[PDB]
Ligand SMILES: CC(C)[C@H](N)C(=O)O
Ligand SMILES: CC(C)[C@H](N)C(=O)O
């Protein structure tokens, strides 16, 4: 159903616009997002919750090509992490 | 120091690109992001952690104008919410 993408990116302006822009240009909806800075660095962590799609693998390719994306992978996180976060903020 | 912006937006493709694009186009960095869909609706809640700035007023003005942004407000969330989230996901 859904899948979680984990990105390590540079914490500088415009990075999230590039990443989400790849989905926007494909009418691909992003269901959940978490972005947290990494202490003592110039980078941030991004979690993207998206519907599992045949187009996903070619998109991971496009994300990795972005200069400000250091790494992009799948399903390393708690698959229900956004449900647990929502319990405390919704 | 920093402030948290709360947005209610439609859960449609491209919406996060529009919101962050406003910051990107002004070289305004977004430090933390949380996006959660709202149960039983076509809307999502976005929390944006950004440096408190006089530029924010105009920025908030532009965010509210976006058709897909239903509402946008300041200082209604726990200012340290992204520190608390990091305790459990970093
Ligand atoms: C990491 C990301 C959210 C970046 N800080 C940006 O403003 O686009
Ligand atoms: C709410 C937001 C993340 C929207 N679903 C988007 O894909 O841009």
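Residue numbers (the authors' numbering), protein chains in the order written: chain B, 9 to 98; chain A, 9 to 98.
The beta carbon of each residue, even a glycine, is placed where N, CA and C say it ideally should be.
{"Query": "Would you say the beta carbon of residue 28 of chain A is closer than 7 Å to some non-hydrogen atom of ligand 1?", "Result": "yes"}
{"Query": "Check each residue of the segment 27 to 42 of chain A: if its Cβ is closer than 7 Å to any Cβ of chain B, include it; give the result in chain order.", "Result": "28, 29, 31, 32, 35, 36, 37, 38, 39, 40, 41, 42"}
{"Query": "Does residue 67 of chain A come within less than 8 Å of chain B when only Cβ atoms are used?", "Result": "no"}
{"Query": "Since I believe residue 41 of chain A is in contact with residue 41 of chain B (beta carbons under 8 Å), could you give me their beta-carbon distance rounded to a whole number of angstroms?", "Result": "6 Å"}
{"Query": "Quick check: the segment 48 to 58 of chain A against the segment 54 to 69 of chain B, are at least 3 beta-carbon pairs closer than 8 Å?", "Result": "no"}
{"Query": "If you scan the segment 66 to 94 of chain A from start to end, which runs of the alpha helix (DSSP H) of 4 or more residues do you find wholly inside it?", "Result": "none"}
{"Query": "Which chain B residues sit within Cβ distance under 8 Å of residue 19 of chain A?", "Result": "37, 39"}
{"Query": "Name the chain A residues that come within less than 8 Å of residue 44 of chain B, Cβ to Cβ?", "Result": "40, 90, 93, 94, 97, 98"}
{"Query": "Closer than 7 Å to a non-hydrogen atom of ligand 1 - does that hold for the CB of residue 31 of chain A?", "Result": "yes"}
{"Query": "On the DSSP bridge assignment, give the partners of residue 40 of chain A in chain order.", "Result": "A:57"}
{"Query": "Measure the alpha-carbon distance for residue 43 of chain A versus residue 66 of chain A and round it to whole angstroms.", "Result": "22 Å"}
{"Query": "Which chain A residues sit within Cβ distance under 7 Å of residue 25 of chain B?", "Result": "25, 28, 29, 32"}
{"Query": "Beta carbon of residue 52 of chain B: closer than 7 Å to some heavy atom of ligand 1?", "Result": "yes"}
{"Query": "Taking C-beta to C-beta, are residue 32 of chain A and residue 25 of chain B nearer than 8 Å?", "Result": "yes"}
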